[PDB]
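Residue numbers (PDB author numbering): 1 to 59. Ideal Cβ placement from N, Cα and C applies to all residues, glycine included. Since the structure comes first, as C-alpha cells, the remarks are kept for the end.
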Amino acid sequence: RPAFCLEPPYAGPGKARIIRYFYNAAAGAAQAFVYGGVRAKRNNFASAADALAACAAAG
C-alpha cells in the first residue's frame with residue numbers, strides 16, 4: 001500500500017469541523033477523525049470506502 005496510508009490522521013490547525021476518514025494501518029480499518037479544513041495530508045478521505053480503496057486495494 002502507499003506510504004501515506006501509514007500516516008497518523010492530521011486534523012491540522014484549521015477551525016472547520018469536517019468528518020473525514022483515515023486508514024488506520026495498525027487496526028487494518030478505516031477510522032473517522034475531525035479535519036479542520038486546512039493543510040490536509042494524504043491519509044484523509046471523504047468516506048471509509050475511499051480510504052480503503054486507496055490503502056487496502058488488491059495488487
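Counted within 10 angstroms of its Cβ, other Cβ atoms place residue 16 as buried (16 or more) or exposed:
Counting from one through the sequence shown, the residue named residue 16 turns up at place 16. Answer is exposed; the Cβ neighbour count stays below 16.
Quick check on residue 11: buried or exposed, where buried means 16 or more other Cβ atoms within 10 Å of its Cβ?
In the sequence shown, counting from the first residue as 1, residue 11 sits at position 11. Buried, because 16 or more other Cβ atoms sit within 10 Å of the Cβ of residue 11.
CB-CB under 7 Å to residue 25, same chain, minus the five flanking residues each way: which ones, in chain order?
Taking the sequence shown and counting its residues from 1, one reaches residue 25 at position 25. Once the five neighbours on either side are set aside, the close Cβ partners of residue 25 are 5, 6.
Going by other Cβ atoms of all chains shown within 10 Å of its Cβ, with 16 needed for buried, is residue 39 buried or exposed?
As a first step, residue 39 must be located in the sequence shown, where it is residue number 39. Residue 39 should be labelled exposed.
Residue 1 and residue 56 look like a contact to me (Cβ under 8 Å); what is the Cβ gap, rounded to whole Å?
Indexing the sequence shown from 1 puts residue 1 at position 1. Indexing the sequence shown from 1 puts residue 56 at position 56. That pair is a contact at about 7 Å.
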